[PDB]
Structure formats: structure tokens, C-alpha cells
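The chain below stands alone and is given as C-alpha cells, in the form deposited in one PDB entry.
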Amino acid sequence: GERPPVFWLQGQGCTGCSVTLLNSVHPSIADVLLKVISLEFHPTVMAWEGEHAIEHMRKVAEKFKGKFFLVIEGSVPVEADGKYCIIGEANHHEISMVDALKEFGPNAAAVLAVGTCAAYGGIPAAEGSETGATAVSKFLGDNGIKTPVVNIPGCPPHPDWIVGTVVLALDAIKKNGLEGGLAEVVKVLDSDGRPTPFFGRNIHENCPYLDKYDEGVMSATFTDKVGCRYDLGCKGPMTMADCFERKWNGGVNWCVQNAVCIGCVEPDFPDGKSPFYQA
């Protein structure tokens, strides 16, 4: 079928969301780009550049008004009139992240806030920051923009959470139309905007080391893999994600096996999950 147009806008992100997506196994990223979506603007990978890239996005946005998907990576900084994040320049005017979200946000079918920065503020909004880093849903709501937002958090997210949420939404739309399908998607979001297929279960309650936790057998050094990791700082008890069975990077490891969970998908990450290495 006709792949939906997608614009990927980076605010105060580290490109970790894009990189994690490149690690998708099935479908592979090539299959995603050639068969699932039409990635019309993405500054890290697209052929064109500068004002021509911006104008191309604007022309697609006009043609597919109300029908494109807007992926936002990173937070949106509102201090200094938006000047802490300039994303382009066209017709001799700079375009801040604030401007871009106000421009495209109202005309998207849906906004996918990928990563904890976009979803909840994340590291750029943490204590000691001064840019006014703002979560996507808050920014849009504060500005009266009603477009639905789906949060796919993690720092970074697992690629399956990103691709799987896209697939779930496109399936819903195929069977119910755009408005009907987005209604069905919103129904499977938790109170933090996260799809329950990936974020509906707690790490610790499903952790393979829960027997050791219950027995009080705690590792005193990171390299002791027999004990529970709680005393080393594991935040699994306060974290909702499926890493305990999904694992990472083709199933080769995950955070709790290797070290500790730092609660990277949670709205209070990082400050509410810090210090990372003590309980």
C-alpha cells in the first residue's frame, strides 16, 4: 500500500532514538523505510539539505495535511524565545523547535514522542538545566494544539517499541480509518501515554532474579550475577517495561543481567531514579 509520510524532527535529543531504530531486527530498518513508512524528512539520513529539505517537508505537509505522522525526538526548549534549539532556516528566517512544533503539530494525524526526552522532558529537563526543556505533550497542550500524542519512552527506547507502536497504529487505521484507528490506539495507552503491550508490565515483578530478592541474596559487586541487583541500585521495582523478556540488541543482553536497570522509560527519569548506583 501507500506508505504514510513521516517527518522526524529532532529537538534536544542525542540521536539515540534514530540509532536504536536502526537496530531493528524484524522488520529491518531497510524494510521499515522501503515498505512501511515514507520518511520524507529526517536530518540524519535524508539526501537533501538546508532550505530545500525544509521546503520539501512543507510541500509534503501541505499535500498530506492531517495525514502525516510527526515523530519528535528530544525535548522542546522554550527559554530564550526558543533559541536553544534551531532546526533549520528558510526564506532568511531561522526555525526553532518551538516554531516547528507550532507549524507542523496542528496538521499531523498523530505525534509520536519517541524517547524519554520527548515524552517527559528527560535529561535536558533535569535539575541543573536552564533551557526550559519541555515534553511534547505539555508543549502542545500549553499551546492549544489537540493532535493526539503517543509516548514511546526509553533512553533510548527498544527498537521494537518504536516499530511495534507504528505497526499497531497502522493496523488500527487500516481497519477503522484514521480517526477510528487513532481512537483505538489511545485506548491502549496508559496514563503516561505509553502503549500497554510494551509498558504494561513491571520489570521487577517479572524479573528472573526475583527469587534472590525475596531471599535477601544481594550482589555486593556488579560482576556477581547470582544475587539480586537491588543493593547495587536496580530501579526495576519502579519501572514499567518488557526488557525482562524482550532483551536488547538481538537478545544478547539486558540492563539487569549486565548491571542495573536505571528506570529509563519512567516519567521521572533521571532525577527520580538517581543516584543510579545506590538503592
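So that the term is clear: the rigid core is the largest set of C-alpha atoms that superpose within 1.5 Å between two forms. Start at 1 with the first residue shown and count on from there.
In what follows, reference is made to the form deposited in another entry, a form of this protein that is not presented.
With the rigid core aligned between the shown form and the other one, only one of 37, 54, 61, 218 has a CA shift of 2 Å or more: 37.
After superposing the rigid core, the C-alpha of residue 253 moves by less than 2 Å between the shown form and the other one.
Residue 237 shows a C-alpha shift below 2 Å between the shown form and the other one [criterion: core-superposed Cα displacement of 2 Å]. Figure legend: C-alpha atoms of residue 36 and residue 248, shown here, are separated by at least 3 angstroms more in that other deposited form. The pair residue 252 and residue 36 is looser in that other deposited form: their Cα-Cα distance rises by no less than 3 Å compared with this form.
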